[PDB]
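Student: structure, please.
(one chain, ligands or ions: 1)
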Amino acid sequence: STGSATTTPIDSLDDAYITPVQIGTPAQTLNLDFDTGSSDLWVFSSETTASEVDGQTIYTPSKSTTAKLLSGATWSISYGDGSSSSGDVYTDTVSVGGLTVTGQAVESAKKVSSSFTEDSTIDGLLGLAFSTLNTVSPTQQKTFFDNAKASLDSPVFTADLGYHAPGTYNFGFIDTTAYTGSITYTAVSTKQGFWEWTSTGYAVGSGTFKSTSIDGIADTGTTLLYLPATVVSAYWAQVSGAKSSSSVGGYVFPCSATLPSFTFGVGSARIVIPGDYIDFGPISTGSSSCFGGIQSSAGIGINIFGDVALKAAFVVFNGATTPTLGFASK
Ligand SMILES: O=C(CNCCc1c[nH]c2ccccc12)Nc1scc(-c2ccccc2)c1C(=O)NCc1ccccc1
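Tutor: Residues are numbered from 1 along each chain as shown. The protein structure is shown below:
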């Protein structure tokens with residue numbers, strides 16, 4: 001089997017992408033944020049504290065003839081911004097772009113933090129990191145991809161995120177029309193639960209390429225590119241008037257600037273992120289100070305190849321017995 005679904009930016013900045021997901025019988029369609037940096041499929045629901053729902057579409061398990069309460073199971077997650085959600089668990093039929101998994105754990109939120117409440121366009125998350133990170137207790141659950149894998153024509157999914165435009169998530173096949181040249185594959189470590197790999201270096205603009213190993217994760221659920229302070233300083237040094245602002249929370253630059261591209265290595269191959277991808281707009285409405293899309297990972301503890309990086313590529317998440325990652329230009 002295979003599936004194919006369009007993923008759509010939630011706003012003009014590409015702050016996140018949402019993909020429609022069918023849950024239950026009759027289908028309930030929710031717009032989920034596909035997240036290769038976590039492993040829980042959690043949704044706004046009929047159980048969510050009413051004051052914490054502000055425009056989201058909710059999953060109502062009582063209206064699904066295939067929903068079953070996973071007795072005694074609970075879940076609780078928090079992320080690096082200090083956002084969180086928690087609740088109980090149903091199993092139900094979940095379909096993505098024509099690919100159906102029966103018996104998928106659907107984590108129904110009883111509580112969500114303010115950041116999620118305020119994002120009316122995101123109805124939940126669909127995790128695609130390794131199932132070792134799933135938070136359900138006392139019986140850990142498998143991700144959608146893990147449940148689908150053995151049914152897929154090939155044990156892969158691909159992320160083809162657009163820049164200010166829709167893109168695609170495919171399951172079970174590689175669309176050879178969606179990229180240019182070749183896919184370069186690189187090794188993955190699953191030890192932290194993530195699609196963790198090592199970039200071979202970087203370049204700023206038309207600058208010479210620096211060969212250096214940069215370990216990080218391929219994370220569709222993180223907006224920006226978080227890299228070591230040395231690398232990030234070298235980038236912003238090529239932007240007149242750019243500075244790191246502790247009051248704003250990172251590197252800012254004059255909105256009148258033209259940003260240089262950023263290149264990262266994949267083996268002997270190179271992926272170029274155009275400068276426009278690195279512009280995240282005014283720090284506040286009407287400001288002439290713009291927020292940068294490349295930021296330091298120094299307080300995080302891991303480097304994160306988020307959407308700013310991934311949207312410059314066609315990315316293969318290869319879930320074979322030894323997983324790997326593939327990158328192609330497009
Ligand atoms: O959690 C994910 C992917 N799920 C995102 C869900 C989500 C969290 N608010 C959301 C809001 C909307 C949609 C999805 C999400 N990736 C990872 S691995 C390590 C960190 C981390 C650890 C410590 C410190 C910082 C990052 C994160 C992280 O928190 N990224 C987002 C971020 C990146 C930079 C700064 C803050 C948060």
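Student: for the ligand, what's its nearest residue on the stretch 151-300 of the chain.
Tutor: Closest approach between the stretch 151-300 of the chain and the ligand, counting by Cβ to the nearest ligand atom: residue 221, at 3.2 Å. Just so you know, the C-beta spots here come from the backbone N, C-alpha and C atoms, and that holds for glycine as well.
Student: check contacts around that residue.
Tutor: For residue 221, the contacting residues are 16, 33, 34, 35, 36, 37, 38, 125, 306, taking Cβ atoms under 8 Å, 6 or more residues apart in numbering as the criterion.
Student: what's the farthest-apart pair in the residues you listed?
Tutor: Spanning the widest gap among those are 125 and 306, at 14.7 Å by Cβ to Cβ.
Student: okay, now the residue in the stretch 1-150 of the chain positioned nearest to the ligand: neighbour count?
Tutor: When distances are taken as Cβ to the nearest ligand atom, the stretch 1-150 of the chain approaches the ligand most closely through residue 80, which lies 2.3 Å from it. Neighbour count for residue 80, taken as other Cβ atoms under 10 Å: 13.
Student: run through the residues that contact it.
Tutor: residue 300.
Student: cutoff 10 Å now
Tutor: Going by Cβ atoms under 10 Å, 6 or more residues apart in numbering, residue 80 touches 37, 222, 226, 299, 300, 301, 302, 304.
Student: distance of the nearest residue to residue 62 once chain neighbours are set aside from residue 112?
Tutor: Excluding its sequence neighbours, the residue lying closest to residue 62 (Cβ to Cβ, 6 or more residues apart in numbering) is residue 46, at 6.8 Å. Taken as Cβ to Cβ, to the nearest Å, the spacing of residue 46 relative to residue 112 amounts to 13 Å.
Student: surely residue 62 is in a strand?
Tutor: No. Read with DSSP: H, G, I helix; E, B strand; the rest coil, residue 62 is helix and lies in no strand.
Student: hmm, back to that, are any of the contacts of residue 80 buried, and if so which?
Tutor: Among these, those classed as buried by neighbour count (16 or more other Cβ atoms under 10 Å) are 37, 222, 226, 304.
Student: list the contacts for the second one?
Tutor: The one in question is residue 222. Counting by Cβ under 10 Å, 6+ apart, residue 222 makes contact with 16, 35-37, 79-81, 300, 304-310.
Student: cutoff 8 Å now
Tutor: In this structure, residue 222 makes contact with 37, 304, 306, 307, judged by Cβ under 8 Å, 6+ apart.
Student: burial measure for the residue nearest to residue 62, as a count.
Tutor: The burial metric for residue 46, expressed as a neighbour count using other Cβ under 10 Å, is 13.
Student: could you report the separation of it from residue 101?
Tutor: Taking Cβ to Cβ as the measure, residue 46 and residue 101 are separated by 22 Å.
Student: what's the answer for residue 159, then?
Tutor: As for residue 159, its distance to residue 101 is 19 Å (criterion: Cβ to Cβ).
Student: over to residue 225?
Tutor: Relative to residue 101, and taking Cβ to Cβ, residue 225 is found at 31 Å.
Student: quick one: the strands in the stretch 201-330 of the chain, in order.
Tutor: With DSSP state E, counting those that start in this stretch, the ranges of strands along the stretch 201-330 of the chain come out as 210-218, 225-227, 243-245, 250-254, 262-266, 269-273, 279-282, 289-292, 294-296, 303-305, 314-318, 324-328.
Student: turn those strands into a markdown table, including distance to residue 203.
Tutor: Formatted as a markdown table, these follow (distance: least, Cβ to Cβ, whole Å):
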| stretch | distance to residue 203 |
| --- | --- |
| strand 210-218 | 7 |
| strand 225-227 | 13 |
| strand 243-245 | 21 |
| strand 250-254 | 18 |
| strand 262-266 | 4 |
| strand 269-273 | 8 |
| strand 279-282 | 19 |
| strand 289-292 | 17 |
| strand 294-296 | 13 |
| strand 303-305 | 16 |
| strand 314-318 | 20 |
| strand 324-328 | 16 |
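Student: looking at these, which is closest to residue 171?
Tutor: strand 314-318 (9.8 Å).
Student: how about the CA coordinates for that closest one, as PDB?
Tutor: Output of strand 314-318 as PDB, limited to C-alpha atoms (Å, rounded to 0.1, in the frame of the first residue of the first chain):
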ATOM      1  CA  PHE A 314      13.100  16.300  -0.900                       C
ATOM      2  CA  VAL A 315      13.700  14.200   2.300                       C
ATOM      3  CA  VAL A 316      13.400  10.400   2.500                       C
ATOM      4  CA  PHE A 317      12.800   8.900   6.000                       C
ATOM      5  CA  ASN A 318      13.800   5.300   5.400                       C
END
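Student: would you mark the buried spots in it?
Tutor: 314, 315, 316, 317, 318.
Student: who are the packing partners of it?
Tutor: Where contact means 3 or more Cβ pairs under 8 Å, 6 or more residues apart in numbering; DSSP states H and E, strand 314-318 is packed against strand 156-160, strand 324-328.
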